[PDB]
Amino acid sequence: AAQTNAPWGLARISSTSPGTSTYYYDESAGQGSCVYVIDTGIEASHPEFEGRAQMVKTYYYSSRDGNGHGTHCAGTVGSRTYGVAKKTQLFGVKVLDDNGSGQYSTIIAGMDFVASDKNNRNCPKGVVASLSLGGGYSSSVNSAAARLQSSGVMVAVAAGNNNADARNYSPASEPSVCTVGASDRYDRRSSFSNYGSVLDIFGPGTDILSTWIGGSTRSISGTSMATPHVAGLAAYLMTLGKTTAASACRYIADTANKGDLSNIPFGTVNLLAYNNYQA
């Protein structure tokens, strides 16, 4: 399948070259997979989600996304226009308040929630969690992410936006999950993107158009934007039967575009998420 005039990031993940604007992908499009978006919520009523998104958990007075951040990330995972996996099932878990903030204890509960809740859902092709969040190092946060991964969920987490080594951030620094850095449309490391040996992969993170609350759209930047590219890619690849929740981060690194990014610090992988789709 081909989506013309796609957001640059979608075109990038199906391309061996930057600078193109069509997104190419197998029409299965992540059908039968599930992606949990652990964030500020999802505006499920957005036309872009086509009834495939729903809130399943909140820790605040509402499950609504009063921020936009979670809706944007969800949109990059699986919205019809802005999403990688356009037929996946999206599940919202609101661990961040409408200011974009969350206590680690709440974030940990949300991860353990997903590890269990997936058993209440139909996801024959597998389960992914997208975590565009984090703060300073916490062994407790990392272990929660490790449990979620161990339970059979492909965990994708943001490297962070400090232009620093992601070893000092959580859940970014948890080795067993998939830690995602950010690149821009000219294949440069995003200026804000964390780096380090704990990174597994890069995804499009600078100037990413996706859904927003109020049934709108906007372009914003962050490793928060790169992460759902990889989460969506995982769901897509798992639906194709090419990999599993436990092996998908590795499969994505195996099949990534290699050595194409600039300003990658020595010791950080130079790998860009790629779906290797061949019509």
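- In the nomenclature of the PDB entry, the chain corresponds to Proteinase K from the organism Parengyodontium album.
- Readers searching the PDB will find this entry under the title "Proteinase-K Post-Surface Acoustic Waves".
- Looking at the Catalytic activity heading of the UniProt record, one finds this comment for the chain: "Hydrolysis of keratin, and of other proteins with subtilisin-like specificity. Hydrolyzes peptide amides."
- You can read under Sequence similarities in the UniProt record for the chain the words "Belongs to the peptidase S8 family."

Comments concerning the packing of aromatic side chains
For step 1, the next point in the chain: Scanning all chains against the criterion turns up 2 aromatic pairs.
For step 2, the next point in the chain: The ring of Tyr-59 carries the charged tip of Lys-57 above its face, separated from the ring centre by 4.9 Å.
For step 3, the next point in the chain: If you follow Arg-121 out to its NZ or CZ, it ends over the ring of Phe-91, 5.3 Å from the centre.

Regarding the pairing of strand β8 (residues 153-158)
For step 1, the next point in the chain: Most of β8 sits inside the fold, with 6 of its 6 residues counted as buried.
For step 2, the next point in the chain: A two-sided burial pattern is seen for β8, the buried positions comprising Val-153, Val-155 and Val-157 on one face and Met-154, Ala-156 and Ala-158 on the other.
For step 3, the next point in the chain: Across 3 bridges, β8 lies against strand β10 (residues 178-183) in parallel orientation. Bridge assignment links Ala-158 to a residue of β10, and that residue is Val-180.

Examining the UniProt feature "binding site: Ca(2+) 2" in the chain
For step 1, the next point in the chain: Under the present numbering, the feature "binding site: Ca(2+) 2" in UniProt falls on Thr-16 and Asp-260. Taken along the chain, the residues just named run across 245 residues; in space they keep tight, none of their C-alpha pairs more than 9.1 Å apart.
For step 2, the next point in the chain: By the element assignment, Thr-16 lies in the loop between α1 (8-13) and β2 (23-24).
For step 3, the next point in the chain: Setting aside residues up to four positions removed in sequence, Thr-16 forms contacts with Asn-257 and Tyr-274.
For step 4, the next point in the chain: Relative to the helices and strands, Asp-260 is located in the loop between β14 (257-258) and β15 (271-272).

Observations concerning the pairing of β10
For step 1, the next point in the chain: Of all 6 residues making up β10, 6 are buried, and the element is well covered by its neighbours.
For step 2, the next point in the chain: Strand direction decides the pairing type here: β10 and strand β11 (residues 201-204), joined by 4 bridges, are parallel. Residue pairing across strands places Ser-183 opposite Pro-204, the latter belonging to β11.

A short note on the state of the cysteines
For step 1, the next point in the chain: Summed over the entire model, instances satisfying the criterion amount to 2 disulfides.
For step 2, the next point in the chain: In this model, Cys-34 is linked to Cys-123 through a disulfide, with the two sulfur atoms separated by 2.0 Å. Measuring the twist about the S-S bond at about -95 degrees, one finds the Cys-34-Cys-123 disulfide to be left-handed. Of this pair, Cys-34 sits in strand β3 (residues 33-39) while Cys-123 sits in the loop between α3 (104-117) and β6 (126-131); the two residues are 89 residues apart in sequence, bridging distant segments of the chain. Across this residue pair, the class does not change: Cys-34 and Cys-123 are buried.
For step 3, the next point in the chain: With its sulfur 2.1 Å from that of its partner, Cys-178 forms a disulfide with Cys-249. Taking the torsion about the sulfur-sulfur bond, which here is approximately 75 degrees, the covalent link between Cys-178 and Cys-249 counts as right-handed. One end of the pair, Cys-178, is in strand β10; the other, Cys-249, is in helix α6 (residues 248-254), and 71 residues separate them in sequence.
For step 4, the next point in the chain: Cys-249 sits in the buried class, given a relative accessible area of 15%.

A short note on the side chain of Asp-187
For step 1, the next point in the chain: In this structure, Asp-187 sits in the loop between β10 and β11.
For step 2, the next point in the chain: Setting aside its immediate chain neighbours within four residues, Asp-187 contacts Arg-12, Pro-18, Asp-260, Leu-261, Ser-262 and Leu-272.

What to know about the UniProt feature "binding site: Ca(2+) 1" in the chain
For step 1, the next point in the chain: UniProt records the feature "binding site: Ca(2+) 1" at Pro-175, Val-177 and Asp-200, using the numbering of this structure. In terms of the greatest pairwise C-alpha distance, the residues named above, spread along 26 residues, form a tight cluster of at most 9.0 Å across.
For step 2, the next point in the chain: Assignment of secondary structure puts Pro-175 in the loop between β9 (169-170) and β10.
For step 3, the next point in the chain: Among the residues examined, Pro-175 registers a relative accessible area of 61% and is labelled exposed.
For step 4, the next point in the chain: Residues within four places of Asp-200 in sequence aside, it is in contact with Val-177, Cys-178, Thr-179, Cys-249, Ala-253, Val-269 and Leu-271.

A short note on the pattern of salt bridges
For step 1, the next point in the chain: Counting across every chain of the model gives 7 salt bridges.
For step 2, the next point in the chain: Across the salt bridge formed by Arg-52 and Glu-50, the nearest N and O atoms sit 3.0 Å from each other.
For step 3, the next point in the chain: On the basis of relative accessible area, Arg-52 is assigned to the buried category, the value being 9%.
For step 4, the next point in the chain: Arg-188 is paired through a salt bridge with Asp-184; the nearest N and O atoms lie 2.7 Å apart.

Cut-off values and rules
Residues numbered from 1 in each chain as written, not as in the entry; some residues may be left out. Heavy atoms only, no water. Residues with missing side-chain atoms left out of burial classes, pairs and counts. UniProt positions renumbered as here; feature names shortened; annotations may be inferred. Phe/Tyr/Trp six-rings, centres within 6.5 Å; stacked < 30°, edge-to-face > 60°. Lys NZ or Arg CZ within 6 Å of the ring centre and 35° of its normal. Buried < 20%, exposed > 50% of the residue type's maximum accessible area, 1.4 Å probe, protein only. Helix = DSSP H or I, 4+ residues; strand = E, 2+ residues; numbered from the N terminus. Pairing = 2+ DSSP bridges. Contact = heavy atoms within 4.5 Å. Disulfide = S-S within 2.5 Å. Salt bridge = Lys/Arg side-chain N within 4 Å of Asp/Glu carboxyl O.

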